[PDB]
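Undergrad: Dropping in model.pdb, with PDB, C-alpha atoms and all ligand atoms.
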MODEL        1
ATOM      1  CA  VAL A   1       2.656  11.155  15.595  1.00  0.00           C
ATOM      2  CA  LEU A   2       0.871   7.942  16.564  1.00  0.00           C
ATOM      3  CA  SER A   3       0.583   6.777  20.168  1.00  0.00           C
ATOM      4  CA  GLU A   4       1.897   3.360  21.227  1.00  0.00           C
ATOM      5  CA  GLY A   5      -1.734   2.296  21.606  1.00  0.00           C
ATOM      6  CA  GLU A   6      -2.475   3.241  18.005  1.00  0.00           C
ATOM      7  CA  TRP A   7       0.639   1.395  16.790  1.00  0.00           C
ATOM      8  CA  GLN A   8      -0.512  -1.703  18.657  1.00  0.00           C
ATOM      9  CA  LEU A   9      -3.919  -1.580  16.931  1.00  0.00           C
ATOM     10  CA  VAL A  10      -2.067  -1.354  13.606  1.00  0.00           C
ATOM     11  CA  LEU A  11       0.313  -4.212  14.396  1.00  0.00           C
ATOM     12  CA  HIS A  12      -2.472  -6.371  15.815  1.00  0.00           C
ATOM     13  CA  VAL A  13      -4.427  -6.416  12.553  1.00  0.00           C
ATOM     14  CA  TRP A  14      -1.196  -6.743  10.544  1.00  0.00           C
ATOM     15  CA  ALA A  15      -0.449  -9.930  12.485  1.00  0.00           C
ATOM     16  CA  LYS A  16      -3.608 -11.377  10.873  1.00  0.00           C
ATOM     17  CA  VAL A  17      -2.565 -10.194   7.418  1.00  0.00           C
ATOM     18  CA  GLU A  18       0.691 -12.110   7.934  1.00  0.00           C
ATOM     19  CA  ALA A  19      -1.148 -15.426   8.260  1.00  0.00           C
ATOM     20  CA  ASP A  20      -1.438 -15.204   4.441  1.00  0.00           C
ATOM     21  CA  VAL A  21       0.299 -12.143   2.984  1.00  0.00           C
ATOM     22  CA  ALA A  22      -0.097 -13.468  -0.578  1.00  0.00           C
ATOM     23  CA  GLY A  23      -3.890 -13.763  -0.336  1.00  0.00           C
ATOM     24  CA  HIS A  24      -4.281 -10.332   1.246  1.00  0.00           C
ATOM     25  CA  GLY A  25      -2.034  -8.861  -1.443  1.00  0.00           C
ATOM     26  CA  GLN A  26      -4.220 -10.282  -4.214  1.00  0.00           C
ATOM     27  CA  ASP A  27      -7.406  -8.905  -2.645  1.00  0.00           C
ATOM     28  CA  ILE A  28      -5.796  -5.491  -2.194  1.00  0.00           C
ATOM     29  CA  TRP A  29      -4.305  -5.087  -5.683  1.00  0.00           C
ATOM     30  CA  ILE A  30      -7.482  -6.403  -7.307  1.00  0.00           C
ATOM     31  CA  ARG A  31      -9.585  -3.978  -5.236  1.00  0.00           C
ATOM     32  CA  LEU A  32      -7.301  -1.138  -6.356  1.00  0.00           C
ATOM     33  CA  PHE A  33      -7.309  -2.055 -10.060  1.00  0.00           C
ATOM     34  CA  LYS A  34     -11.091  -2.335  -9.997  1.00  0.00           C
ATOM     35  CA  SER A  35     -11.886   0.820  -7.993  1.00  0.00           C
ATOM     36  CA  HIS A  36      -9.307   2.927  -9.847  1.00  0.00           C
ATOM     37  CA  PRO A  37      -8.475   1.288 -13.234  1.00  0.00           C
ATOM     38  CA  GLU A  38      -6.012   4.079 -14.094  1.00  0.00           C
ATOM     39  CA  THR A  39      -3.540   2.716 -11.515  1.00  0.00           C
ATOM     40  CA  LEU A  40      -3.144  -0.462 -13.576  1.00  0.00           C
ATOM     41  CA  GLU A  41      -1.635   1.590 -16.410  1.00  0.00           C
ATOM     42  CA  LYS A  42       1.452   2.239 -14.261  1.00  0.00           C
ATOM     43  CA  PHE A  43       2.367  -1.459 -14.525  1.00  0.00           C
ATOM     44  CA  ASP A  44       3.880  -2.356 -17.878  1.00  0.00           C
ATOM     45  CA  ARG A  45       3.996  -5.914 -16.540  1.00  0.00           C
ATOM     46  CA  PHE A  46       0.298  -6.098 -15.573  1.00  0.00           C
ATOM     47  CA  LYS A  47      -1.554  -3.545 -17.729  1.00  0.00           C
ATOM     48  CA  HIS A  48      -2.755  -6.289 -20.091  1.00  0.00           C
ATOM     49  CA  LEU A  49      -4.867  -7.927 -17.355  1.00  0.00           C
ATOM     50  CA  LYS A  50      -8.510  -7.532 -18.377  1.00  0.00           C
ATOM     51  CA  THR A  51     -10.506  -9.201 -15.605  1.00  0.00           C
ATOM     52  CA  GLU A  52     -10.412 -10.096 -11.916  1.00  0.00           C
ATOM     53  CA  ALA A  53     -10.049 -13.734 -12.957  1.00  0.00           C
ATOM     54  CA  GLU A  54      -6.852 -12.939 -14.877  1.00  0.00           C
ATOM     55  CA  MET A  55      -5.532 -10.849 -11.993  1.00  0.00           C
ATOM     56  CA  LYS A  56      -6.241 -13.683  -9.554  1.00  0.00           C
ATOM     57  CA  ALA A  57      -4.525 -16.184 -11.867  1.00  0.00           C
ATOM     58  CA  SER A  58      -1.400 -14.022 -12.230  1.00  0.00           C
ATOM     59  CA  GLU A  59       1.513 -15.533 -10.306  1.00  0.00           C
ATOM     60  CA  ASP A  60       3.614 -12.436 -10.979  1.00  0.00           C
ATOM     61  CA  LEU A  61       0.912 -10.131  -9.586  1.00  0.00           C
ATOM     62  CA  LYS A  62       0.672 -12.389  -6.529  1.00  0.00           C
ATOM     63  CA  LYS A  63       4.444 -12.075  -6.063  1.00  0.00           C
ATOM     64  CA  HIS A  64       4.205  -8.287  -6.487  1.00  0.00           C
ATOM     65  CA  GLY A  65       1.547  -8.177  -3.761  1.00  0.00           C
ATOM     66  CA  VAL A  66       3.803 -10.095  -1.365  1.00  0.00           C
ATOM     67  CA  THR A  67       6.698  -7.734  -2.126  1.00  0.00           C
ATOM     68  CA  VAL A  68       4.510  -4.668  -1.578  1.00  0.00           C
ATOM     69  CA  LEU A  69       2.855  -5.797   1.673  1.00  0.00           C
ATOM     70  CA  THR A  70       6.141  -7.072   3.136  1.00  0.00           C
ATOM     71  CA  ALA A  71       7.748  -3.675   2.456  1.00  0.00           C
ATOM     72  CA  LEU A  72       4.717  -1.939   4.040  1.00  0.00           C
ATOM     73  CA  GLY A  73       4.803  -4.324   7.002  1.00  0.00           C
ATOM     74  CA  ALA A  74       8.479  -3.528   7.637  1.00  0.00           C
ATOM     75  CA  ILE A  75       7.588   0.177   7.575  1.00  0.00           C
ATOM     76  CA  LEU A  76       4.675  -0.241  10.005  1.00  0.00           C
ATOM     77  CA  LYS A  77       6.838  -2.260  12.418  1.00  0.00           C
ATOM     78  CA  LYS A  78       9.249   0.704  12.626  1.00  0.00           C
ATOM     79  CA  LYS A  79       6.407   2.687  14.233  1.00  0.00           C
ATOM     80  CA  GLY A  80       7.301   5.970  12.538  1.00  0.00           C
ATOM     81  CA  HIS A  81      11.084   5.471  12.543  1.00  0.00           C
ATOM     82  CA  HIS A  82      11.026   4.413   8.895  1.00  0.00           C
ATOM     83  CA  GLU A  83      13.493   6.885   7.360  1.00  0.00           C
ATOM     84  CA  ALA A  84      15.796   4.131   6.054  1.00  0.00           C
ATOM     85  CA  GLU A  85      12.940   2.095   4.573  1.00  0.00           C
ATOM     86  CA  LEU A  86      11.393   5.107   2.833  1.00  0.00           C
ATOM     87  CA  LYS A  87      14.534   6.278   1.008  1.00  0.00           C
ATOM     88  CA  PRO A  88      14.724   3.519  -1.653  1.00  0.00           C
ATOM     89  CA  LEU A  89      10.941   3.283  -1.904  1.00  0.00           C
ATOM     90  CA  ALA A  90      10.481   7.001  -2.494  1.00  0.00           C
ATOM     91  CA  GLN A  91      13.319   7.060  -5.030  1.00  0.00           C
ATOM     92  CA  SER A  92      11.989   4.232  -7.205  1.00  0.00           C
ATOM     93  CA  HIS A  93       8.380   5.448  -6.960  1.00  0.00           C
ATOM     94  CA  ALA A  94       9.252   9.078  -7.697  1.00  0.00           C
ATOM     95  CA  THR A  95      11.848   8.562 -10.442  1.00  0.00           C
ATOM     96  CA  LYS A  96      11.092   5.222 -12.108  1.00  0.00           C
ATOM     97  CA  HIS A  97       7.470   4.225 -11.419  1.00  0.00           C
ATOM     98  CA  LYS A  98       6.124   7.794 -11.089  1.00  0.00           C
ATOM     99  CA  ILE A  99       3.380   7.084  -8.552  1.00  0.00           C
ATOM    100  CA  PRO A 100       1.424  10.195  -7.463  1.00  0.00           C
ATOM    101  CA  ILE A 101       0.427  10.666  -3.808  1.00  0.00           C
ATOM    102  CA  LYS A 102      -3.141  10.402  -5.158  1.00  0.00           C
ATOM    103  CA  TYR A 103      -2.456   6.773  -6.159  1.00  0.00           C
ATOM    104  CA  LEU A 104      -0.953   6.052  -2.740  1.00  0.00           C
ATOM    105  CA  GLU A 105      -4.230   7.376  -1.305  1.00  0.00           C
ATOM    106  CA  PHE A 106      -6.098   4.934  -3.573  1.00  0.00           C
ATOM    107  CA  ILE A 107      -4.083   1.927  -2.396  1.00  0.00           C
ATOM    108  CA  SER A 108      -4.461   3.092   1.235  1.00  0.00           C
ATOM    109  CA  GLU A 109      -8.232   2.997   0.661  1.00  0.00           C
ATOM    110  CA  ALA A 110      -7.939  -0.508  -0.833  1.00  0.00           C
ATOM    111  CA  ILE A 111      -5.895  -1.731   2.150  1.00  0.00           C
ATOM    112  CA  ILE A 112      -8.468  -0.380   4.610  1.00  0.00           C
ATOM    113  CA  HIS A 113     -11.347  -1.827   2.579  1.00  0.00           C
ATOM    114  CA  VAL A 114      -9.820  -5.320   2.568  1.00  0.00           C
ATOM    115  CA  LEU A 115      -8.887  -5.297   6.263  1.00  0.00           C
ATOM    116  CA  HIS A 116     -12.394  -4.045   7.101  1.00  0.00           C
ATOM    117  CA  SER A 117     -13.877  -6.912   5.094  1.00  0.00           C
ATOM    118  CA  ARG A 118     -11.611  -9.765   6.242  1.00  0.00           C
ATOM    119  CA  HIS A 119     -10.855  -8.684   9.810  1.00  0.00           C
ATOM    120  CA  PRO A 120     -13.873  -7.213  11.621  1.00  0.00           C
ATOM    121  CA  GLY A 121     -12.519  -8.830  14.820  1.00  0.00           C
ATOM    122  CA  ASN A 122      -9.388  -6.665  14.717  1.00  0.00           C
ATOM    123  CA  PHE A 123     -10.510  -3.764  12.539  1.00  0.00           C
ATOM    124  CA  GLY A 124     -13.220  -1.878  14.410  1.00  0.00           C
ATOM    125  CA  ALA A 125     -13.517   1.929  14.279  1.00  0.00           C
ATOM    126  CA  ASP A 126     -10.537   2.634  16.566  1.00  0.00           C
ATOM    127  CA  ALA A 127      -8.304   0.132  14.754  1.00  0.00           C
ATOM    128  CA  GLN A 128      -9.246   1.567  11.346  1.00  0.00           C
ATOM    129  CA  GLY A 129      -8.530   5.053  12.660  1.00  0.00           C
ATOM    130  CA  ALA A 130      -5.094   3.892  13.832  1.00  0.00           C
ATOM    131  CA  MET A 131      -4.351   2.288  10.441  1.00  0.00           C
ATOM    132  CA  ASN A 132      -5.478   5.415   8.594  1.00  0.00           C
ATOM    133  CA  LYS A 133      -3.207   7.477  10.816  1.00  0.00           C
ATOM    134  CA  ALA A 134      -0.293   5.129  10.032  1.00  0.00           C
ATOM    135  CA  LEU A 135      -0.955   5.262   6.282  1.00  0.00           C
ATOM    136  CA  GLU A 136      -1.362   9.059   6.289  1.00  0.00           C
ATOM    137  CA  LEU A 137       2.004   9.306   8.101  1.00  0.00           C
ATOM    138  CA  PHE A 138       3.498   7.052   5.428  1.00  0.00           C
ATOM    139  CA  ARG A 139       2.115   9.233   2.617  1.00  0.00           C
ATOM    140  CA  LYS A 140       3.130  12.458   4.370  1.00  0.00           C
ATOM    141  CA  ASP A 141       6.710  11.229   4.713  1.00  0.00           C
ATOM    142  CA  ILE A 142       6.759   9.872   1.157  1.00  0.00           C
ATOM    143  CA  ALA A 143       5.487  13.243  -0.099  1.00  0.00           C
ATOM    144  CA  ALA A 144       8.294  15.077   1.729  1.00  0.00           C
ATOM    145  CA  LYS A 145      10.850  12.728   0.163  1.00  0.00           C
ATOM    146  CA  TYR A 146       9.227  13.190  -3.278  1.00  0.00           C
ATOM    147  CA  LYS A 147       9.741  16.932  -2.816  1.00  0.00           C
ATOM    148  CA  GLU A 148      13.441  16.406  -1.985  1.00  0.00           C
ATOM    149  CA  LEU A 149      13.862  14.115  -5.019  1.00  0.00           C
ATOM    150  CA  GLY A 150      12.323  16.642  -7.429  1.00  0.00           C
ATOM    151  CA  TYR A 151       9.012  14.855  -8.034  1.00  0.00           C
ATOM    152  CA  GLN A 152       5.694  16.704  -7.809  1.00  0.00           C
ATOM    153  CA  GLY A 153       3.839  13.527  -6.879  1.00  0.00           C
TER
HETATM  154  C1  LIG A 201       1.700   0.841   0.335  1.00  0.00           C
HETATM  155  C2  LIG A 201       2.326   1.422  -0.842  1.00  0.00           C
HETATM  156  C3  LIG A 201       3.275   0.780  -1.653  1.00  0.00           C
HETATM  157  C4  LIG A 201       4.378   0.055  -1.285  1.00  0.00           C
HETATM  158  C5  LIG A 201       4.917  -0.267   0.118  1.00  0.00           C
HETATM  159  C6  LIG A 201       5.035  -0.317  -2.533  1.00  0.00           C
HETATM  160  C7  LIG A 201       6.160  -1.112  -2.584  1.00  0.00           C
HETATM  161  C8  LIG A 201       6.803  -1.548  -3.732  1.00  0.00           C
HETATM  162  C9  LIG A 201       8.003  -2.387  -3.716  1.00  0.00           C
HETATM  163  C10 LIG A 201       8.738  -2.856  -2.478  1.00  0.00           C
HETATM  164  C11 LIG A 201       8.332  -2.598  -5.025  1.00  0.00           C
HETATM  165  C12 LIG A 201       9.593  -3.307  -5.546  1.00  0.00           C
HETATM  166  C13 LIG A 201      10.879  -2.504  -5.329  1.00  0.00           C
HETATM  167  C14 LIG A 201      10.802  -1.106  -5.920  1.00  0.00           C
HETATM  168  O1  LIG A 201      10.719  -0.976  -7.163  1.00  0.00           O
HETATM  169  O2  LIG A 201      10.809  -0.136  -5.135  1.00  0.00           O
HETATM  170  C15 LIG A 201       7.327  -1.896  -5.827  1.00  0.00           C
HETATM  171  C16 LIG A 201       7.296  -1.849  -7.211  1.00  0.00           C
HETATM  172  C17 LIG A 201       6.358  -1.164  -7.979  1.00  0.00           C
HETATM  173  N1  LIG A 201       5.356  -0.373  -7.471  1.00  0.00           N
HETATM  174 FE1  LIG A 201       4.974   0.046  -5.596  1.00  0.00          FE
HETATM  175  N2  LIG A 201       4.383   0.166  -3.660  1.00  0.00           N
HETATM  176  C18 LIG A 201       3.272   0.809  -3.132  1.00  0.00           C
HETATM  177  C19 LIG A 201       2.288   1.418  -3.911  1.00  0.00           C
HETATM  178  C20 LIG A 201       2.288   1.491  -5.299  1.00  0.00           C
HETATM  179  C21 LIG A 201       1.174   2.025  -6.077  1.00  0.00           C
HETATM  180  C22 LIG A 201      -0.095   2.637  -5.486  1.00  0.00           C
HETATM  181  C23 LIG A 201       1.501   1.822  -7.404  1.00  0.00           C
HETATM  182  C24 LIG A 201       0.798   2.061  -8.602  1.00  0.00           C
HETATM  183  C25 LIG A 201      -0.472   2.721  -8.803  1.00  0.00           C
HETATM  184  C26 LIG A 201       2.827   1.189  -7.399  1.00  0.00           C
HETATM  185  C27 LIG A 201       3.521   0.830  -8.539  1.00  0.00           C
HETATM  186  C28 LIG A 201       4.699   0.110  -8.588  1.00  0.00           C
HETATM  187  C29 LIG A 201       5.312  -0.344  -9.812  1.00  0.00           C
HETATM  188  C30 LIG A 201       4.936   0.026 -11.251  1.00  0.00           C
HETATM  189  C31 LIG A 201       6.295  -1.193  -9.424  1.00  0.00           C
HETATM  190  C32 LIG A 201       7.073  -2.122 -10.342  1.00  0.00           C
HETATM  191  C33 LIG A 201       6.309  -3.417 -10.599  1.00  0.00           C
HETATM  192  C34 LIG A 201       7.113  -4.416 -11.405  1.00  0.00           C
HETATM  193  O3  LIG A 201       8.058  -5.005 -10.850  1.00  0.00           O
HETATM  194  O4  LIG A 201       6.807  -4.618 -12.593  1.00  0.00           O
HETATM  195  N3  LIG A 201       3.301   0.982  -6.108  1.00  0.00           N
HETATM  196  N4  LIG A 201       6.404  -1.226  -5.029  1.00  0.00           N
HETATM  197  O1  LIG A 202      -8.901  10.809   4.924  1.00  0.00           O
HETATM  198  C1  LIG A 202      -9.406  11.355   3.734  1.00  0.00           C
HETATM  199  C2  LIG A 202      -8.654  12.529   3.153  1.00  0.00           C
HETATM  200  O2  LIG A 202      -7.548  11.688   2.601  1.00  0.00           O
HETATM  201  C3  LIG A 202      -6.522  12.478   1.930  1.00  0.00           C
HETATM  202  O3  LIG A 202      -5.850  13.394   2.807  1.00  0.00           O
HETATM  203  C4  LIG A 202      -5.040  12.931   3.908  1.00  0.00           C
HETATM  204  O4  LIG A 202      -3.796  12.457   3.315  1.00  0.00           O
HETATM  205  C5  LIG A 202      -3.118  13.510   2.512  1.00  0.00           C
HETATM  206  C6  LIG A 202      -1.978  12.603   2.120  1.00  0.00           C
HETATM  207  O5  LIG A 202      -2.235  11.687   1.101  1.00  0.00           O
HETATM  208  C7  LIG A 202      -2.811  14.680   3.475  1.00  0.00           C
HETATM  209  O6  LIG A 202      -2.165  15.651   2.715  1.00  0.00           O
HETATM  210  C8  LIG A 202      -4.095  15.251   4.092  1.00  0.00           C
HETATM  211  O7  LIG A 202      -3.635  16.316   4.942  1.00  0.00           O
HETATM  212  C9  LIG A 202      -4.749  14.116   4.886  1.00  0.00           C
HETATM  213  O8  LIG A 202      -5.949  14.650   5.501  1.00  0.00           O
HETATM  214  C10 LIG A 202      -7.148  13.239   0.716  1.00  0.00           C
HETATM  215  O9  LIG A 202      -6.192  14.065   0.016  1.00  0.00           O
HETATM  216  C11 LIG A 202      -8.269  14.157   1.233  1.00  0.00           C
HETATM  217  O10 LIG A 202      -9.012  14.761   0.155  1.00  0.00           O
HETATM  218  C12 LIG A 202      -9.295  13.265   1.955  1.00  0.00           C
HETATM  219  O11 LIG A 202     -10.332  14.030   2.480  1.00  0.00           O
ENDMDL
END
Let's see the structure in the file written out as structure tokens.
Ligand code: HEM
Ligand SMILES: OC[C@H]1O[C@H](O[C@H]2O[C@H](CO)[C@@H](O)[C@H](O)[C@H]2O)[C@H](O)[C@@H](O)[C@@H]1O
TA:
Amino acid sequence: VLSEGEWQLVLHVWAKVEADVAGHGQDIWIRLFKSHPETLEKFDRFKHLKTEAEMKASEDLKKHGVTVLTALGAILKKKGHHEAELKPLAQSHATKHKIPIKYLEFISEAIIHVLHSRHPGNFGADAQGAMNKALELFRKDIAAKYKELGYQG
């Protein structure tokens, strides 16, 4: 359980992300696809992308990034009370997309890497710790839902 102080550190850096959610989304998904190429194979719509240039030029991938970060932002703003938001997300990711917790760990790493790079003024050690705590909570809760839905994850 995160403290209010930790939630504020999370929301404070997220406020910066929101200045340009599309740009942050591109950086994050590109970082993920490059650090862990296997994750790209889960996207029938994007698995053909060969280079960072192509990824950057993809309007659909940009849209996907906005969709993803907006959903994550809504979850973070709930400050742990995200039961309603997690239900549909866990169902689609467990049953349709089949995204292992391991891949959620990979994207969590990508998110932290990008925020660390773009926002040193709001992502010091304490802030990163708070974000990690928030993302671990997210994955923990997603894992529990995966279990209920019959997915090993
Ligand atoms: C912070 C974690 C993540 C969030 C909040 C998130 C959110 C979303 C949302 C809101 C959608 C659209 C609605 C839906 O289908 O549920 C989506 C679609 C999808 N997500 Fe995730 N996602 C996350 C991580 C991942 C990861 C790590 C992968 C893959 C390695 C992944 C793969 C997919 C796929 C395959 C789709 C469908 C893309 C398409 O429309 O072609 N997601 N995700
Ligand atoms: O922070 C690095 C560790 O990250 C992962 O573990 C955290 O998140 C898991 C959820 O994805 C939890 O089950 C685990 O309890 C958390 O510590 C990763 O699995 C670990 O190997 C890393 O050391």
Undergrad: Identify which of the residues A:141, A:83, A:52, A:44 lies closest to ligand LIG 201 (chain A), counting all atoms listed in the file when measuring atom-to-atom distances.
TA: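 The shortest atom-to-atom distance to ligand LIG 201 (chain A) comes from A:44.
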Undergrad: So that I can check the surroundings of segment 87-91 of chain A, please list as a count of residues only every protein, DNA and RNA residue that reaches within 8 Å of it, counting only C-alpha atoms and ignoring chain neighbours fewer than 4 positions away.
TA: 7
Undergrad: Between A:125, A:22, A:137, A:2, which has the minimum distance to residue 104 of chain A (counting only C-alpha atoms)?
TA: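 Selected residue with least distance to residue 104 of chain A: A:137.
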Undergrad: Please identify all protein, DNA and RNA residues within 7 Å of ligand LIG 201 (chain A), counting all atoms listed in the file, and report them as a ChimeraX atom specification.
TA: /A:39-40,42-45,64,67-69,71-72,88-89,92-93,97,99,103-104,106-108
Undergrad: Written as a list in words, what is the full residue list that the PyMOL selection byres (((chain A and resi 134) around 9) and not hetatm) yields on the file shown?
TA: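 Matching residues under the PyMOL selection byres (((chain A and resi 134) around 9) and not hetatm) are residues 1, 2, 6, 7, 10, 76, 79, 80, 129, 130, 131, 132, 133, 135, 136, 137, 138 and 139 of chain A.
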Undergrad: Keeping C-alpha atoms, export the residues of the selection given above as a PDB file, in the coordinates of the input.
TA:
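Contents of out_29.pdb, as written:
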ATOM      1  CA  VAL A   1       2.656  11.155  15.595  1.00  0.00           C
ATOM      2  CA  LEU A   2       0.871   7.942  16.564  1.00  0.00           C
ATOM      3  CA  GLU A   6      -2.475   3.241  18.005  1.00  0.00           C
ATOM      4  CA  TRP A   7       0.639   1.395  16.790  1.00  0.00           C
ATOM      5  CA  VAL A  10      -2.067  -1.354  13.606  1.00  0.00           C
ATOM      6  CA  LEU A  76       4.675  -0.241  10.005  1.00  0.00           C
ATOM      7  CA  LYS A  79       6.407   2.687  14.233  1.00  0.00           C
ATOM      8  CA  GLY A  80       7.301   5.970  12.538  1.00  0.00           C
ATOM      9  CA  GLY A 129      -8.530   5.053  12.660  1.00  0.00           C
ATOM     10  CA  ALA A 130      -5.094   3.892  13.832  1.00  0.00           C
ATOM     11  CA  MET A 131      -4.351   2.288  10.441  1.00  0.00           C
ATOM     12  CA  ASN A 132      -5.478   5.415   8.594  1.00  0.00           C
ATOM     13  CA  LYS A 133      -3.207   7.477  10.816  1.00  0.00           C
ATOM     14  CA  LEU A 135      -0.955   5.262   6.282  1.00  0.00           C
ATOM     15  CA  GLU A 136      -1.362   9.059   6.289  1.00  0.00           C
ATOM     16  CA  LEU A 137       2.004   9.306   8.101  1.00  0.00           C
ATOM     17  CA  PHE A 138       3.498   7.052   5.428  1.00  0.00           C
ATOM     18  CA  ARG A 139       2.115   9.233   2.617  1.00  0.00           C
TER      19      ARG A 139
END
Undergrad: Rounded to one decimal place, report the atom CA of residue 31 of chain A-atom CA of residue 82 of chain A distance in Å.
TA: 26.4 Å
Undergrad: Which value, in Å to one decimal, gives the distance between atom CA of residue 62 of chain A and atom CA of residue 23 of chain A?
TA: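 Going from atom CA of residue 62 of chain A over to atom CA of residue 23 of chain A, I get 7.8 Å.
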Undergrad: Go through A:73, A:150, A:100, A:37 one by one, measure the shortest atom-to-atom distance of each to ligand LIG 202 (chain A) using all atoms listed in the file, and give the residue with the smallest value.
TA: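 The shortest atom-to-atom distance to ligand LIG 202 (chain A) comes from A:100.
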Undergrad: Excluding residue 127 of chain A and its own-chain neighbours fewer than 6 positions away, which residues fall within 12 Å of it when counting only C-alpha atoms? Please give them as a short mmCIF file (atom, residue, chain, number, x, y, z; two decimals) with C-alpha atoms, in the frame of the given file.
TA:
data_model
loop_
_atom_site.label_atom_id
_atom_site.label_comp_id
_atom_site.auth_asym_id
_atom_site.auth_seq_id
_atom_site.Cartn_x
_atom_site.Cartn_y
_atom_site.Cartn_z
CA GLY A 5 -1.73 2.30 21.61
CA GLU A 6 -2.48 3.24 18.00
CA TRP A 7 0.64 1.40 16.79
CA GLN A 8 -0.51 -1.70 18.66
CA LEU A 9 -3.92 -1.58 16.93
CA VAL A 10 -2.07 -1.35 13.61
CA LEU A 11 0.31 -4.21 14.40
CA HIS A 12 -2.47 -6.37 15.82
CA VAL A 13 -4.43 -6.42 12.55
CA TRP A 14 -1.20 -6.74 10.54
CA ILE A 112 -8.47 -0.38 4.61
CA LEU A 115 -8.89 -5.30 6.26
CA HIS A 116 -12.39 -4.04 7.10
CA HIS A 119 -10.86 -8.68 9.81
CA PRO A 120 -13.87 -7.21 11.62
CA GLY A 121 -12.52 -8.83 14.82
CA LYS A 133 -3.21 7.48 10.82
CA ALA A 134 -0.29 5.13 10.03
#
Undergrad: First collect every listed atom of ligand LIG 202 (chain A); then fit an axis-aligned box around them, widen it by 3 Å on each side, and give centre and edge lengths in Å to one decimal, as AutoDock Vina command-line options.
TA:
--center_x -6.2 --center_y 13.6 --center_z 2.8 --size_x 14.4 --size_y 11.5 --size_z 11.5
